[PDB]
Amino acid sequence: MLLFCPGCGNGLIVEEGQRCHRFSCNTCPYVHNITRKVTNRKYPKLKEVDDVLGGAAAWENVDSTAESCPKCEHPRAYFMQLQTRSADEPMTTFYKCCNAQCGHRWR
Amino acid sequence: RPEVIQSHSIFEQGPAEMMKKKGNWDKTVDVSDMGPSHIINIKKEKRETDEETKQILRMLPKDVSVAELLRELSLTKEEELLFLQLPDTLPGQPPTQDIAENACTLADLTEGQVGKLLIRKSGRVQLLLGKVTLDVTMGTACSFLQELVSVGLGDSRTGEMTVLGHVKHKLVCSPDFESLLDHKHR
Amino acid sequence: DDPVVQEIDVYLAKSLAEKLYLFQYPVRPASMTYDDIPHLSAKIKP
Ligand SMILES: [Zn+2]
Ligand SMILES: [Zn+2]
């Protein structure tokens, strides 16, 4: 912890004297004998998370279900739509289909 | 250093850690009740927040002007030196000061009563300084040392310096622009 | 909101209008006053 000299207000340093450890100024004679226990606790942040993920419900909390893919036609699906390329005047979609765990991903 | 360190399933007792931690630093060499070893209680080192100076020991809300004047009047009879700021011009004419409509300050007025101070219901504090009432607000609260001194140059080369007391609080005065403007809107 | 308390009179004095200064110490807290330490020299340019 920062502690400052009552005289000149520079920063104190800890050093050792002939009877005690002392807080001492570097620029004036002031010293302060450590007579008793003095402490400073940091209390850092612990690693709070454990973070298991990738569950199927964490995958299918998106709108689409019971639609039709051009590959395997299954109802349990995971869709996506893009538009952010205006060279593509048509729309952009991508689909995931996992009822039979077939796993297609096409345009 | 042997790297293959071994570990066990047993659960650490809470007090066993508490008493080990206790025994690690509760030892004290304070037995030296001697001059050098002694320490001056009025010259402790300054912990940085000045309201919170005490790091070593023998063992906040923000007040307002109505609470400021109540504690100095009702709670205590003892007088207190304040430090109040004024607006840039006080609402007067410089009395035969050889002018231009320039600034009118306290250096141009005379001794005698200059006004009255009205503490209203619900914390409103005004300074009626003639026909206009100013507004009094607590300023930034200082927590360092301030001393009010009188420097008198009784002779060309020598004189007297005298400390009158410590100044704690700082007040701020400001014109009520809404009431000044609501007389004649523009 | 009538002025329920403390219609306090405000006066003005000029006898110390050109002698009064204000010394403030930016590095010294309000507890540790200089009331006890003896002083040796006080110098000023008016
Ligand atoms: Zn120092
Ligand atoms: Zn598919």
# chains A, B, ... in the order shown; residues from 1 in each chain; ligands from 1

call {"tool": "residues_near_ligand", "arguments": {"ligand": "ligand 2", "cutoff": "9 Å", "atoms": "only C-alpha atoms and all ligand atoms", "output": "PDB file with N, CA, C and O atoms, in the first residue's frame"}}
result
ATOM      1  N   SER A  68     -38.250 -27.805 -45.010  1.00  0.00           N
ATOM      2  CA  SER A  68     -37.755 -28.725 -46.024  1.00  0.00           C
ATOM      3  C   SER A  68     -36.392 -28.249 -46.506  1.00  0.00           C
ATOM      4  O   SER A  68     -36.258 -27.112 -46.970  1.00  0.00           O
ATOM      5  N   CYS A  69     -35.373 -29.123 -46.378  1.00  0.00           N
ATOM      6  CA  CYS A  69     -34.066 -29.001 -47.001  1.00  0.00           C
ATOM      7  C   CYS A  69     -34.062 -29.747 -48.334  1.00  0.00           C
ATOM      8  O   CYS A  69     -34.811 -30.712 -48.510  1.00  0.00           O
ATOM      9  N   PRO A  70     -33.243 -29.352 -49.312  1.00  0.00           N
ATOM     10  CA  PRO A  70     -33.200 -30.080 -50.586  1.00  0.00           C
ATOM     11  C   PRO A  70     -32.408 -31.379 -50.566  1.00  0.00           C
ATOM     12  O   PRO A  70     -32.237 -31.984 -51.627  1.00  0.00           O
ATOM     13  N   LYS A  71     -31.923 -31.831 -49.412  1.00  0.00           N
ATOM     14  CA  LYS A  71     -31.089 -33.023 -49.331  1.00  0.00           C
ATOM     15  C   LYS A  71     -31.790 -34.185 -48.647  1.00  0.00           C
ATOM     16  O   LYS A  71     -31.843 -35.285 -49.204  1.00  0.00           O
ATOM     17  N   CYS A  72     -32.336 -33.974 -47.450  1.00  0.00           N
ATOM     18  CA  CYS A  72     -32.874 -35.082 -46.677  1.00  0.00           C
ATOM     19  C   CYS A  72     -34.237 -34.803 -46.060  1.00  0.00           C
ATOM     20  O   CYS A  72     -34.767 -35.683 -45.374  1.00  0.00           O
ATOM     21  N   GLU A  73     -34.808 -33.611 -46.261  1.00  0.00           N
ATOM     22  CA  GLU A  73     -36.218 -33.279 -46.046  1.00  0.00           C
ATOM     23  C   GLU A  73     -36.672 -33.391 -44.590  1.00  0.00           C
ATOM     24  O   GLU A  73     -37.880 -33.380 -44.327  1.00  0.00           O
ATOM     25  N   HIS A  74     -35.754 -33.486 -43.637  1.00  0.00           N
ATOM     26  CA  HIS A  74     -36.141 -33.802 -42.270  1.00  0.00           C
ATOM     27  C   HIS A  74     -36.665 -32.562 -41.539  1.00  0.00           C
ATOM     28  O   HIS A  74     -36.271 -31.435 -41.854  1.00  0.00           O
ATOM     29  N   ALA A  77     -34.472 -28.867 -37.811  1.00  0.00           N
ATOM     30  CA  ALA A  77     -33.572 -28.072 -38.630  1.00  0.00           C
ATOM     31  C   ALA A  77     -33.038 -26.875 -37.854  1.00  0.00           C
ATOM     32  O   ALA A  77     -33.498 -26.543 -36.759  1.00  0.00           O
ATOM     33  N   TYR A  95     -28.520 -23.735 -44.288  1.00  0.00           N
ATOM     34  CA  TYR A  95     -29.408 -24.573 -43.503  1.00  0.00           C
ATOM     35  C   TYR A  95     -28.647 -25.719 -42.866  1.00  0.00           C
ATOM     36  O   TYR A  95     -27.713 -26.258 -43.462  1.00  0.00           O
ATOM     37  N   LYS A  96     -29.054 -26.091 -41.662  1.00  0.00           N
ATOM     38  CA  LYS A  96     -28.527 -27.263 -40.989  1.00  0.00           C
ATOM     39  C   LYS A  96     -29.712 -28.169 -40.700  1.00  0.00           C
ATOM     40  O   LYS A  96     -30.793 -27.688 -40.356  1.00  0.00           O
ATOM     41  N   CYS A  97     -29.525 -29.475 -40.853  1.00  0.00           N
ATOM     42  CA  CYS A  97     -30.635 -30.409 -40.752  1.00  0.00           C
ATOM     43  C   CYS A  97     -30.156 -31.634 -39.991  1.00  0.00           C
ATOM     44  O   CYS A  97     -29.261 -32.342 -40.461  1.00  0.00           O
ATOM     45  N   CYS A  98     -30.750 -31.893 -38.823  1.00  0.00           N
ATOM     46  CA  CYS A  98     -30.168 -32.875 -37.914  1.00  0.00           C
ATOM     47  C   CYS A  98     -31.215 -33.759 -37.245  1.00  0.00           C
ATOM     48  O   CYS A  98     -31.071 -34.113 -36.070  1.00  0.00           O
ATOM     49  N   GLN A 101     -29.560 -36.922 -37.864  1.00  0.00           N
ATOM     50  CA  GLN A 101     -28.155 -36.531 -37.723  1.00  0.00           C
ATOM     51  C   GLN A 101     -27.414 -36.604 -39.055  1.00  0.00           C
ATOM     52  O   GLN A 101     -26.272 -37.064 -39.128  1.00  0.00           O
ATOM     53  N   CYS A 102     -28.065 -36.138 -40.120  1.00  0.00           N
ATOM     54  CA  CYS A 102     -27.455 -36.227 -41.439  1.00  0.00           C
ATOM     55  C   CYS A 102     -26.452 -35.097 -41.656  1.00  0.00           C
ATOM     56  O   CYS A 102     -25.386 -35.313 -42.243  1.00  0.00           O
ATOM     57  N   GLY A 103     -26.770 -33.895 -41.185  1.00  0.00           N
ATOM     58  CA  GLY A 103     -25.755 -32.871 -41.032  1.00  0.00           C
ATOM     59  C   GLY A 103     -25.390 -32.122 -42.293  1.00  0.00           C
ATOM     60  O   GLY A 103     -24.216 -31.789 -42.492  1.00  0.00           O
ATOM     61  N   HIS A 104     -26.362 -31.840 -43.154  1.00  0.00           N
ATOM     62  CA  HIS A 104     -26.083 -31.070 -44.356  1.00  0.00           C
ATOM     63  C   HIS A 104     -25.898 -29.598 -44.027  1.00  0.00           C
ATOM     64  O   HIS A 104     -26.439 -29.082 -43.046  1.00  0.00           O
ATOM     65  N   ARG A 105     -25.117 -28.921 -44.865  1.00  0.00           N
ATOM     66  CA  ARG A 105     -24.895 -27.486 -44.710  1.00  0.00           C
ATOM     67  C   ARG A 105     -24.633 -26.947 -46.112  1.00  0.00           C
ATOM     68  O   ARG A 105     -23.506 -27.029 -46.606  1.00  0.00           O
ATOM     69  N   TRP A 106     -25.669 -26.402 -46.746  1.00  0.00           N
ATOM     70  CA  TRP A 106     -25.568 -25.967 -48.132  1.00  0.00           C
ATOM     71  C   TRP A 106     -26.174 -24.578 -48.264  1.00  0.00           C
ATOM     72  O   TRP A 106     -26.618 -23.976 -47.285  1.00  0.00           O
TER      73      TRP A 106
END

call {"tool": "closest_atom_pairs", "arguments": {"of": "chain A", "to": "ligand 1", "cutoff": "6 Å", "atoms": "only C-alpha atoms and all ligand atoms", "output": "Markdown table"}}
result
| residue | atom | partner | partner_atom_place_in_ligand_line | distance |
| --- | --- | --- | --- | --- |
| A:5 | CA | ligand 1 | 1 (Zn) | 4.3 |
| A:7 | CA | ligand 1 | 1 (Zn) | 5.0 |
| A:8 | CA | ligand 1 | 1 (Zn) | 4.4 |
| A:9 | CA | ligand 1 | 1 (Zn) | 5.6 |
| A:10 | CA | ligand 1 | 1 (Zn) | 5.4 |
| A:25 | CA | ligand 1 | 1 (Zn) | 4.5 |
| A:27 | CA | ligand 1 | 1 (Zn) | 5.5 |
| A:28 | CA | ligand 1 | 1 (Zn) | 4.6 |
| A:30 | CA | ligand 1 | 1 (Zn) | 5.7 |

call {"tool": "write_last_selection", "arguments": {"atoms": "N, CA and C atoms", "output": "PDB file, in the first residue's frame"}}
result
ATOM      1  N   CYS A   5       5.198  10.303   3.488  1.00  0.00           N
ATOM      2  CA  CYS A   5       5.857  10.995   4.594  1.00  0.00           C
ATOM      3  C   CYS A   5       5.082  12.223   5.046  1.00  0.00           C
ATOM      4  N   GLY A   7       6.284  14.726   6.535  1.00  0.00           N
ATOM      5  CA  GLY A   7       7.104  15.882   6.264  1.00  0.00           C
ATOM      6  C   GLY A   7       7.023  16.361   4.834  1.00  0.00           C
ATOM      7  N   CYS A   8       7.626  15.612   3.915  1.00  0.00           N
ATOM      8  CA  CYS A   8       7.798  16.070   2.545  1.00  0.00           C
ATOM      9  C   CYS A   8       6.834  15.435   1.547  1.00  0.00           C
ATOM     10  N   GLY A   9       6.121  14.383   1.928  1.00  0.00           N
ATOM     11  CA  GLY A   9       5.178  13.748   1.033  1.00  0.00           C
ATOM     12  C   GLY A   9       5.750  12.954  -0.121  1.00  0.00           C
ATOM     13  N   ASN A  10       7.008  12.530  -0.053  1.00  0.00           N
ATOM     14  CA  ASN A  10       7.474  11.460  -0.925  1.00  0.00           C
ATOM     15  C   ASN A  10       6.964  10.104  -0.451  1.00  0.00           C
ATOM     16  N   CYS A  25      11.547   7.454   4.611  1.00  0.00           N
ATOM     17  CA  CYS A  25      11.636   8.347   3.472  1.00  0.00           C
ATOM     18  C   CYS A  25      13.005   8.252   2.823  1.00  0.00           C
ATOM     19  N   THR A  27      14.187  11.019   1.225  1.00  0.00           N
ATOM     20  CA  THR A  27      14.663  12.389   1.097  1.00  0.00           C
ATOM     21  C   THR A  27      14.655  13.175   2.397  1.00  0.00           C
ATOM     22  N   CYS A  28      14.200  12.595   3.498  1.00  0.00           N
ATOM     23  CA  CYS A  28      14.228  13.280   4.780  1.00  0.00           C
ATOM     24  C   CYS A  28      14.473  12.233   5.859  1.00  0.00           C
ATOM     25  N   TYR A  30      12.782  11.091   8.244  1.00  0.00           N
ATOM     26  CA  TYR A  30      11.627  10.466   8.888  1.00  0.00           C
ATOM     27  C   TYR A  30      11.639   8.953   8.729  1.00  0.00           C
TER      28      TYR A  30
END

call {"tool": "select_by_dssp", "arguments": {"residues": "segment 6-35 of chain B", "states": "alpha helix (DSSP H)", "output": "JSON, numbers by chain"}}
result
{"B": [14, 15, 16, 17, 18, 19, 20, 21, 22, 23, 24, 25]}

call {"tool": "write_last_selection", "arguments": {"atoms": "C-alpha atoms", "output": "compact mmCIF listing (two decimals), in the first residue's frame"}}
result
# COMPACT_ATOMS: atom_id res chain seq x y z
CA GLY B 14 -11.42 -24.95 8.78
CA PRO B 15 -10.01 -24.10 12.22
CA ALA B 16 -6.80 -26.00 11.39
CA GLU B 17 -6.16 -23.55 8.55
CA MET B 18 -7.37 -20.70 10.75
CA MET B 19 -4.96 -21.55 13.57
CA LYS B 20 -2.05 -22.19 11.20
CA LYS B 21 -2.65 -18.78 9.61
CA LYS B 22 -3.01 -17.34 13.13
CA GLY B 23 0.29 -18.87 14.28
CA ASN B 24 2.11 -17.67 11.18
CA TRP B 25 1.95 -13.94 11.96

call {"tool": "interface_residues", "arguments": {"of": "chain B", "to": "chain A", "cutoff": "6 Å", "atoms": "only C-alpha atoms", "output": "MDAnalysis selection string"}}
result
chainID B and resid 30 45:47

call {"tool": "closest_atom_pairs", "arguments": {"of": "chain C", "to": "chain A", "cutoff": "12 Å", "atoms": "only C-alpha atoms", "output": "tab-separated table"}}
result
residue	atom	partner	partner_atom	distance
C:25	CA	A:9	CA	11.6
C:26	CA	A:9	CA	10.3
C:27	CA	A:9	CA	6.8
C:28	CA	A:6	CA	7.3
C:29	CA	A:6	CA	9.3
C:31	CA	A:6	CA	11.6
C:32	CA	A:6	CA	8.7
C:33	CA	A:6	CA	11.1
C:34	CA	A:7	CA	11.4

call {"tool": "write_last_selection", "arguments": {"atoms": "N, CA, C and O atoms", "output": "short mmCIF file (atom, residue, chain, number, x, y, z; two decimals), in the first residue's frame"}}
result
data_model
loop_
_atom_site.label_atom_id
_atom_site.label_comp_id
_atom_site.auth_asym_id
_atom_site.auth_seq_id
_atom_site.Cartn_x
_atom_site.Cartn_y
_atom_site.Cartn_z
N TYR C 25 -2.73 24.00 2.72
CA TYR C 25 -1.66 23.02 2.58
C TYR C 25 -2.21 21.86 1.78
O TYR C 25 -3.08 21.12 2.27
N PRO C 26 -1.76 21.65 0.56
CA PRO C 26 -2.35 20.61 -0.28
C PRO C 26 -1.98 19.20 0.15
O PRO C 26 -2.66 18.24 -0.22
N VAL C 27 -0.91 19.05 0.93
CA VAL C 27 -0.37 17.73 1.24
C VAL C 27 -0.61 17.33 2.68
O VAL C 27 -0.23 16.22 3.07
N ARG C 28 -1.20 18.19 3.49
CA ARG C 28 -1.34 17.91 4.91
C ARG C 28 -2.81 17.76 5.26
O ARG C 28 -3.59 18.69 5.02
N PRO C 29 -3.23 16.63 5.83
CA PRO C 29 -4.64 16.44 6.17
C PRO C 29 -5.08 17.32 7.33
O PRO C 29 -4.27 17.93 8.03
N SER C 31 -6.40 16.66 10.21
CA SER C 31 -6.10 16.24 11.57
C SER C 31 -4.74 16.72 12.05
O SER C 31 -4.62 17.14 13.20
N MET C 32 -3.73 16.68 11.19
CA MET C 32 -2.36 16.92 11.60
C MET C 32 -2.05 18.40 11.45
O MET C 32 -1.36 18.80 10.50
N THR C 33 -2.51 19.22 12.38
CA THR C 33 -2.33 20.65 12.33
C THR C 33 -0.90 21.02 12.70
O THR C 33 -0.18 20.22 13.30
N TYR C 34 -0.50 22.22 12.33
CA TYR C 34 0.78 22.76 12.72
C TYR C 34 0.70 23.60 13.98
O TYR C 34 1.49 24.53 14.14
#

call {"tool": "interface_residues", "arguments": {"of": "chain C", "to": "chain B", "cutoff": "6 Å", "atoms": "only C-alpha atoms", "output": "number ranges by chain"}}
result
C: 1-13, 19-25, 28-30

call {"tool": "atom_distance", "arguments": {"atom1": "atom CA of residue 98 of chain B", "atom2": "atom CA of residue 132 of chain B"}}
result
24.7 Å

call {"tool": "atom_distance", "arguments": {"atom1": "atom CA of residue 169 of chain B", "atom2": "atom CA of residue 104 of chain B"}}
result
25.2 Å

call {"tool": "atom_distance", "arguments": {"atom1": "atom CA of residue 43 of chain C", "atom2": "atom CA of residue 15 of chain C"}}
result
23.0 Å

call {"tool": "decode", "arguments": {"residues": "segment 14-48 of chain B", "atoms": "N, CA and C atoms", "output": "mmCIF file, in the first residue's frame"}}
result
data_model
loop_
_atom_site.group_PDB
_atom_site.id
_atom_site.type_symbol
_atom_site.label_atom_id
_atom_site.label_comp_id
_atom_site.auth_asym_id
_atom_site.auth_seq_id
_atom_site.Cartn_x
_atom_site.Cartn_y
_atom_site.Cartn_z
ATOM 1 N N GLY B 14 -11.346 -26.392 8.833
ATOM 2 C CA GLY B 14 -11.422 -24.946 8.782
ATOM 3 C C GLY B 14 -10.599 -24.251 9.850
ATOM 4 N N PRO B 15 -10.898 -24.539 11.129
ATOM 5 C CA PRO B 15 -10.012 -24.099 12.220
ATOM 6 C C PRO B 15 -8.551 -24.509 12.103
ATOM 7 N N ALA B 16 -8.210 -25.645 11.487
ATOM 8 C CA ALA B 16 -6.796 -26.005 11.387
ATOM 9 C C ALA B 16 -6.047 -25.037 10.476
ATOM 10 N N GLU B 17 -6.706 -24.598 9.400
ATOM 11 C CA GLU B 17 -6.155 -23.551 8.551
ATOM 12 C C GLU B 17 -6.174 -22.214 9.267
ATOM 13 N N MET B 18 -7.238 -21.960 10.036
ATOM 14 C CA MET B 18 -7.370 -20.697 10.751
ATOM 15 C C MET B 18 -6.264 -20.550 11.784
ATOM 16 N N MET B 19 -5.982 -21.612 12.535
ATOM 17 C CA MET B 19 -4.964 -21.549 13.574
ATOM 18 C C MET B 19 -3.557 -21.614 12.999
ATOM 19 N N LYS B 20 -3.357 -22.273 11.848
ATOM 20 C CA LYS B 20 -2.052 -22.195 11.196
ATOM 21 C C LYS B 20 -1.767 -20.785 10.693
ATOM 22 N N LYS B 21 -2.748 -20.179 10.010
ATOM 23 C CA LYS B 21 -2.648 -18.781 9.605
ATOM 24 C C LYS B 21 -2.436 -17.873 10.808
ATOM 25 N N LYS B 22 -3.164 -18.125 11.905
ATOM 26 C CA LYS B 22 -3.008 -17.344 13.132
ATOM 27 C C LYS B 22 -1.578 -17.436 13.652
ATOM 28 N N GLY B 23 -1.060 -18.659 13.794
ATOM 29 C CA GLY B 23 0.287 -18.872 14.280
ATOM 30 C C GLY B 23 1.381 -18.388 13.354
ATOM 31 N N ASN B 24 1.057 -18.090 12.094
ATOM 32 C CA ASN B 24 2.107 -17.673 11.177
ATOM 33 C C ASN B 24 2.505 -16.207 11.349
ATOM 34 N N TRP B 25 1.624 -15.353 11.878
ATOM 35 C CA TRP B 25 1.948 -13.937 11.963
ATOM 36 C C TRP B 25 1.485 -13.248 13.242
ATOM 37 N N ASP B 26 0.822 -13.944 14.172
ATOM 38 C CA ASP B 26 0.403 -13.303 15.420
ATOM 39 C C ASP B 26 1.568 -13.079 16.387
ATOM 40 N N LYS B 27 2.760 -13.583 16.075
ATOM 41 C CA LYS B 27 3.921 -13.325 16.914
ATOM 42 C C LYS B 27 4.296 -11.846 16.834
ATOM 43 N N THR B 28 4.623 -11.259 17.981
ATOM 44 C CA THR B 28 4.869 -9.828 18.074
ATOM 45 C C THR B 28 6.110 -9.572 18.918
ATOM 46 N N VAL B 29 6.907 -8.590 18.495
ATOM 47 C CA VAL B 29 8.137 -8.219 19.188
ATOM 48 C C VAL B 29 7.900 -6.843 19.813
ATOM 49 N N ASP B 30 6.640 -6.548 20.150
ATOM 50 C CA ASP B 30 6.264 -5.287 20.793
ATOM 51 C C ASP B 30 6.739 -5.148 22.244
ATOM 52 N N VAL B 31 7.476 -6.128 22.783
ATOM 53 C CA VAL B 31 7.939 -6.106 24.171
ATOM 54 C C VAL B 31 8.893 -4.942 24.422
ATOM 55 N N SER B 32 9.594 -4.483 23.383
ATOM 56 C CA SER B 32 10.545 -3.378 23.502
ATOM 57 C C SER B 32 9.761 -2.081 23.682
ATOM 58 N N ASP B 33 9.381 -1.816 24.932
ATOM 59 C CA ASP B 33 8.831 -0.523 25.334
ATOM 60 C C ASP B 33 9.974 0.458 25.610
ATOM 61 N N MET B 34 10.672 0.830 24.538
ATOM 62 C CA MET B 34 11.818 1.720 24.624
ATOM 63 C C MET B 34 11.611 2.888 23.675
ATOM 64 N N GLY B 35 12.310 3.989 23.983
ATOM 65 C CA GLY B 35 12.301 5.229 23.229
ATOM 66 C C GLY B 35 12.391 5.139 21.719
ATOM 67 N N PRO B 36 13.507 4.607 21.200
ATOM 68 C CA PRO B 36 13.580 4.272 19.760
ATOM 69 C C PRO B 36 12.418 3.425 19.251
ATOM 70 N N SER B 37 12.123 2.326 19.946
ATOM 71 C CA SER B 37 11.036 1.433 19.568
ATOM 72 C C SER B 37 9.676 2.119 19.650
ATOM 73 N N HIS B 38 9.508 3.050 20.593
ATOM 74 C CA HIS B 38 8.288 3.846 20.736
ATOM 75 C C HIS B 38 7.984 4.615 19.452
ATOM 76 N N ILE B 39 6.744 5.065 19.327
ATOM 77 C CA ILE B 39 6.338 5.741 18.103
ATOM 78 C C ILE B 39 5.356 6.858 18.442
ATOM 79 N N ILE B 40 5.496 7.969 17.726
ATOM 80 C CA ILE B 40 4.759 9.187 18.036
ATOM 81 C C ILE B 40 3.382 9.087 17.391
ATOM 82 N N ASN B 41 2.339 9.080 18.222
ATOM 83 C CA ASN B 41 0.975 8.907 17.745
ATOM 84 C C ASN B 41 0.466 10.059 16.888
ATOM 85 N N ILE B 42 1.075 11.242 16.962
ATOM 86 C CA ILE B 42 0.618 12.377 16.169
ATOM 87 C C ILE B 42 1.462 12.586 14.917
ATOM 88 N N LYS B 43 2.343 11.648 14.584
ATOM 89 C CA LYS B 43 3.101 11.712 13.341
ATOM 90 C C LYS B 43 3.067 10.387 12.607
ATOM 91 N N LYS B 44 1.910 9.729 12.606
ATOM 92 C CA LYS B 44 1.695 8.567 11.753
ATOM 93 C C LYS B 44 1.881 8.922 10.283
ATOM 94 N N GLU B 45 2.274 7.927 9.498
ATOM 95 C CA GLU B 45 2.362 8.087 8.055
ATOM 96 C C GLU B 45 0.985 8.331 7.449
ATOM 97 N N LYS B 46 0.964 9.060 6.338
ATOM 98 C CA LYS B 46 -0.287 9.488 5.723
ATOM 99 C C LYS B 46 -0.757 8.461 4.706
ATOM 100 N N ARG B 47 -1.780 7.691 5.062
ATOM 101 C CA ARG B 47 -2.527 6.951 4.060
ATOM 102 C C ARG B 47 -3.251 7.939 3.152
ATOM 103 N N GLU B 48 -3.433 7.543 1.891
ATOM 104 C CA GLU B 48 -3.554 8.507 0.799
ATOM 105 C C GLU B 48 -4.886 9.246 0.775
#
